[PDB]
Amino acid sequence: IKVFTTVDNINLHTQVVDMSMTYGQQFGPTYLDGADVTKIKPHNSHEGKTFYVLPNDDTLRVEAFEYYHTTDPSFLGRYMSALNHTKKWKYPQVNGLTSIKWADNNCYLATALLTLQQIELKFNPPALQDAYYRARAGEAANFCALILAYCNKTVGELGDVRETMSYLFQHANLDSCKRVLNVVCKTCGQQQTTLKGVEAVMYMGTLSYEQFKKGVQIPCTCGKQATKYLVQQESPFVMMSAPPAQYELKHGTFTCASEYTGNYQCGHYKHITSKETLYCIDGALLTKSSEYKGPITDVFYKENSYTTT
């Protein structure tokens, strides 16, 4: 029979497979839209379908690198294994954003996706561009499976939003992003630091962007207490993170935020978005309020250019 093999679902390679032998005997590990077909023999119904295989020659290796920007040998098996589950999730539109109904501990992925849909970000790998476009259109199975694969997280595993965003930012073009900080010690003087890319958009220790602009107290190695403050920011967003703590979200002062209810061992994420009012998205669920107080872990802010006075 005639079948097609692929690594990118764009460039197809015609193969003739013997229906008396398994796919595994002919191609190595083989997937049909996420389903493991290694141990299955070709069915009549398979004729003309596209199958994913592993990158087992130089041509496929090049195609895979150009599409995914990874050479992890296990990346495609992990992607397919994720997709086999994520294709069965539901992706309702909630307040105009693609969310994910609860399944398989996917609250962190739902929050990540909701956040991504509210900040200006361009992916570098074609795979992420394409899947994100479809996910925004409401078909997010491929996007979520790619997120899982890139982050080396299996379906069902407890996830952290901050870590996931860090990983995703690694695969985004944020190089132009720049952050200049100053640390002032009354004994030692002033020290500027410049950060580029991911380190320019992420901070762990306070949720408040305003406080970071005004100054946070940190130890100096001389033993005094120095003040660290933000001198300059060039980025389309910033992410301020801290261990989950009760925090009031005020309409109009932030883009979106993550809420974590639970503990270090066990917990749940919700998403808060600042629109005409504050909306709390919990998978398929949506509520609204004029104010917000809860255990916030991550806050996202709009940015373009900031220079300290």
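Heads up: residue numbers just count along the shown sequence, starting at 1.
Asks: For the higher mean C-alpha B factor in the entry, choose 210-218 or 144-152.
Replies: Mean B over CA atoms: larger for 144-152.
Asks: Would you determine, from the values in the PDB entry, which of 22-30 and 276-284 has the greater average C-alpha temperature factor?
Replies: According to the entry, 22-30 carries the higher average C-alpha B-factor.
Asks: Take the CA temperature factors straight from the PDB entry and tell me which of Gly252, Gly262, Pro42, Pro243 peaks.
Replies: Each of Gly252, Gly262, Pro42, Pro243 was compared by C-alpha B-factor; the highest is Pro42.
Asks: Which one, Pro92, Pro126, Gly197, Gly96, has the peak C-alpha temperature factor per the PDB entry?
Replies: So the option with the highest C-alpha B-factor is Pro126.
Asks: Tell me, lowest, middle or highest third: where does the Cα B factor of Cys177 rank within its chain?
Replies: Middle third - that is where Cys177 ends up once the chain's C-alpha B-factors are sorted.
Asks: Tell me, lowest, middle or highest third: where does the Cα B factor of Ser258 rank within its chain?
Replies: CA B-factor rank for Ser258: lowest third.
Asks: By its CA B factor, does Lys228 count among the lowest, middle or highest third of the modelled residues in the chain?
Replies: It belongs to the lowest third of the chain when residues are ordered by C-alpha B-factor.
Asks: Quick check for you: using the entry's CA B-factors within this chain, is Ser166 in the lowest, middle or highest third?
Replies: Answer is middle: the recorded C-alpha B-factor places it there.
Asks: When the modelled residues of the chain are sorted by Cα temperature factor, does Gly189 land in the lowest, middle or highest third?
Replies: For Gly189, whose C-alpha B-factor we compare with every modelled residue in the chain, the answer is the middle third.
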